[PDB]
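Presented as structure tokens, the chain that follows is alone, the form deposited in one PDB entry.
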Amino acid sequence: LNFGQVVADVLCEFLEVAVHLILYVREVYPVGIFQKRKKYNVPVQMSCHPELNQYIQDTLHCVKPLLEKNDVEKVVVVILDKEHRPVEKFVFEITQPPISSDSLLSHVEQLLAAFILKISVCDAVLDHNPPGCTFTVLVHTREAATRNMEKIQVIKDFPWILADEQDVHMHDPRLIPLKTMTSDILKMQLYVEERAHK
């Protein structure tokens, strides 16, 4: 199984909006840098800050070609506390379903807007994060394969490394499912892992 270019484009647009929303609802950055916009016929908050925007843009631009060949199991937005321990994780787990489902492309907005709505109200079910949190994004490949690095390593200015245990391990995690969707060609699931005392 492989996705296509456009499915991968769809997913990257989706993830850009999402990452912005997360950084907003979890006050990783202060509200003063955001502006109301509208994606998938619904209200979101997009950062205005050019450096931050370029970071998120760069990140996803690099993931794109691995989505193309369906080589990504998870994209993870990790929130790190002041001492750089992970406090919280937003996981987009991406599967290929093996036909009576909805068409992904015909129904894009209904299908993805559901994720966005859930991110908007998610602080209702998460514990507040401490002050000082930063973020990082992590890509979990299906395989440990050379080609993932070739494909990811497309902006000289914006290189990638393999992560360690430090970047990943969360103590005593609790799980909060947010949204699960199946389609034509794609099964995606968004769920949060938070630390049990933050």
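Numbering starts at 1 and runs along the sequence shown. We call the rigid core whatever largest set of C-alpha positions still superposes within 1.5 Å between the two forms.
Note: missing coordinates for residue 98 occur in a third or more of the other compared entries bracketing this position.
Judged by mean Cα B factor in the deposited record, 44-52 ranks above the other of 139-147 and 44-52.
Stretches 166-174 and 65-73 differ in mean C-alpha B factor, with the higher average recorded for 166-174. Within the selection 116, 105, 91, 80, the deposited Cα B-factor values reach their highest point at 105. Take 186, 190, 25, 19 and read off each C-alpha B-factor from the entry; 186 has the highest. Ranked by Cα temperature factor within the chain, residue 196 sits in the highest third according to the deposited record. When all modelled residues of the chain are sorted by CA temperature factor, residue 60 is found within the lowest third.
Compared with the other modelled residues of the chain, the Cα B-factor recorded for residue 161 ranks in the lowest third. In this PDB entry, residue 1 carries a Cα temperature factor that places it within the highest third of its chain's modelled residues.
The form deposited in another entry exists for this protein as well; it is not shown, and the discussion that follows is about that form.
After superposition on the rigid core, the single residue among 149, 52, 33, 138 whose C-alpha moves by 2 Å or more between this form and the one not shown is 149.
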